[PDB]
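Trainee: Note that our numbering has the sequence shown beginning at 25, numbered continuously upward.
We treat Cβ as the ideally placed atom computed from N, Cα and C, and that holds for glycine.
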Amino acid sequence: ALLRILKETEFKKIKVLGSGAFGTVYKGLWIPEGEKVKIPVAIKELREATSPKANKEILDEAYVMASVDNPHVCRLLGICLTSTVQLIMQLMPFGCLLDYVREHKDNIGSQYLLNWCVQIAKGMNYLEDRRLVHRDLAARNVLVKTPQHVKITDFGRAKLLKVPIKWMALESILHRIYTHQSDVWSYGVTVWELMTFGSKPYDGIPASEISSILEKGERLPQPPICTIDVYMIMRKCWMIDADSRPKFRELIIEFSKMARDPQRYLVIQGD
Ligand SMILES: *CCC(=O)Nc1cccc(Nc2nc(Nc3ccc(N4CCN(C(C)=O)CC4)cc3OC)ncc2C(F)(F)F)c1
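#1: How is the beta strand (DSSP E) around residue 43 delimited, first residue to last?
#2: Under a three-way DSSP split, which group does residue 50 fall into?
#3: Quick check: does the Cβ of residue 161 come within less than 8 Å of any heavy atom belonging to ligand 1?
#4: Return the first residue and the last residue of the beta strand (DSSP E) that residue 69 is part of.
#5: In chain order, what are the residue ranges of uninterrupted alpha helix (DSSP H) at least 4 long that sit wholly in the segment 104-180?
#6: Where the beta carbon is closer than 6 Å to any heavy atom of ligand 1, which residues qualify, in chain order?
#7: Starting from residue 193 and walking both ways along the alpha helix (DSSP H), at which residues does that stretch end?
#8: On a CA-only basis, which of 169, 51, 223, 106 is nearest residue 36? Give me that one, please.
#9: Assuming residue 104 and residue 41 form a contact by the criterion Cβ under 8 Å, report the distance between their Cβ atoms to the nearest whole angstrom.
#10: Since residue 253 is in the alpha helix (DSSP H), which residue starts that stretch and which ends it?
#11: Could you say which of 264, 241, 138, 115 lies nearest to residue 199 if we only look at CA atoms?
#12: Going by DSSP, what residue range makes up the alpha helix (DSSP H) through residue 80?
#13: Quickly, what does DSSP pair residue 29 with across the bridge? List them, please.
#14: Within 10 angstroms of the Cβ of residue 131, are there 16 or more other Cβ atoms? Answer buried if so, exposed if not.
#15: What's the gap between the Cα of residue 207 and the Cα of residue 158?
#16: Would you kindly work out how many angstroms separate the C-alpha atoms of residue 85 and residue 119, rounded to a whole number?
#17: If you reduce the DSSP assignment to three classes, tell me which class residue 97 lands in.
#18: Nearest to residue 231 by alpha carbon, out of 187, 281, 142, 59?
#19: What residues in its chain sit with their C-beta under 8 Å from that of residue 255, if we drop five residues either side in the sequence?
#20: Use the C-beta contact count for residue 2: other C-beta atoms within 10 angstroms, 16 or more gives buried, fewer gives exposed.
#21: Drop a sphere of 10 angstroms on the beta-carbon of residue 65, count the other beta-carbons inside from all chains shown, and report buried for 16 or more, exposed for fewer.
#22: Considering only C-alpha positions, which residue in the set 82, 117, 224, 137 is nearest to residue 285?
#23: Determine, using beta-carbon pairs with one atom in the segment 148-158 and one in the segment 203-221, whether at least three such pairs fall under 8 Å.
Now the structure itself:
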């Protein structure tokens with residue numbers, strides 16, 4: 025019960041920061057109960073889910089989210105129950121890493137890119153450690169606190185209560201299996217996205233075709249900046265054998281290592 029119940033009046037909505045299928049997000053401010061502190065927040069207002077069954081499901085996931093406490097996982101500050109369900113999130117000033125990489129390709133240096141993989145993999149392991157399957161992981165579901173500090177957006181479990189085929193493990197596509205190991209495959213696609221400075225994985229190829237492509241042993245291409253210790257880690261995540269895949273603990277070490285000598289593993293444009 026680490027989940028704060030917020031009063032509609034404790035916060036104000038400044039601007040719409042987009043709207044998805046799940047809900048609508050706003051840049052806003054929140055003045056906590058009996059405090060003269062003004063926190064910048066993101067307010068995830070939820071869609072058509074007013075059924076008593078659904079609201080109990082929402083709340084139950086809201087407590088789960090509210091107990092996920094890790095530096096690289098976006099924190100849930102509280103919930104506001106009124107006419108609509110509002111999820112008061114920590115504001116991420118630089119938007120999503122995908123947009124950010126597509127907007128900084130030139131100035132994004134090897135040392136940052138490698139430290140983002142450690143950061144993502146760190147947050148991911150926390151979920152595998154809490155036995156929570158992310159199910160979402162894409163460069164679009166990683167947000168930017170500071171360009172040095174990224175955080176993962178844990179909505180995969182909530183979104184469950186519009187198919188991301190190109191980020192999915194073959195077992196997820198063909199047998200609807202979601203393990204912390206399918207989370208490793210998605211992680212591979214995400215790290216490929218950052219190394220390509222936000223490219224479309226398998227662009228122009230239809231979703232239906234993707235399964236057979238992967239079955240024919242075909243994978244995502246080698247990104248120009250990538251070395252061989254790098255592009256290898258990527259293909260180990262895309263192993264048809266769900267258990268041949270590296271663990272999130274492994275990925276942390278082989279990237280933590282890699283981050284100690286960046287340019288050795290990434291060929292940017294100096295230095
Ligand atoms: C690439 C995927 C993406 O756009 N994710 C995204 C979009 C909007 C809102 C969230 N939630 C969220 N956001 C923040 N901070 C944040 C997010 C996005 C922006 N952008 C969005 C694209 N854009 C537009 C449409 O004008 C430019 C600005 C800016 C911003 O910071 C002020 N923090 C937390 C959340 C959370 F609720 F999801 F936790 C994600």
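Mentor: Walking through what the data contain:
#1: Counting along the chain, the beta strand (DSSP E) containing residue 43 begins and ends at 35-43.
#2: It is a strand residue.
#3: In this structure, ligand 1 has no non-hydrogen atom nearer than 8 Å to the beta-carbon of residue 161.
#4: In this chain, the beta strand (DSSP E) harbouring residue 69 covers 63-70.
#5: Taking only runs of at least 4 residues, the alpha helix (DSSP H) segments lying wholly in the segment 104-180 are 121-126, 134-153.
#6: Applying a distance threshold of 6 Å between residue Cβ atoms and the heavy atoms of ligand 1 selects 41, 42, 49, 51, 66, 68, 98, 113, 115, 116, 117, 119, 120, 122, 123, 164, 167, 177, given in chain order.
#7: Per DSSP, residue 193 belongs to no alpha helix (DSSP H) and is neither H nor E.
#8: Per the Cα distances, 51.
#9: In fact, because the Cβ distance is near 17 Å, the residues do not count as touching under 8 Å.
#10: Residues 252-261.
#11: The residue with the shortest Cα to Cα distance from residue 199 is 264.
#12: Unbroken alpha helix (DSSP H) run through residue 80: 76-90.
#13: 103, per the DSSP bridge assignment.
#14: Exposed.
#15: Straight through space, the alpha carbons of residue 158 and residue 207 are spaced by roughly 6 Å.
#16: Between the alpha carbons of residue 85 and residue 119 lies a distance of about 24 Å.
#17: Here residue 97 carries a strand assignment [DSSP, helix/strand/coil].
#18: Shortest Cα-Cα distance from residue 231 to any of 187, 281, 142, 59 involves 187.
#19: Excluding its 5 nearest sequence neighbours in each direction, residue 255 has C-beta neighbours in its own chain below 8 Å: 246, 247, listed in chain order.
#20: Since the first residue shown for the chain is 25 and the last is 295, residue 2 is missing from the structure and cannot be characterised.
#21: The residue in question, residue 65, is buried, as its Cβ has 16 or more Cβ neighbours within 10 Å.
#22: Each of 82, 117, 224, 137 was checked against the Cα of residue 285, and the nearest Cα belongs to 137.
#23: With the cut-off at 8 Å, the segment 148-158 and the segment 203-221 touch.
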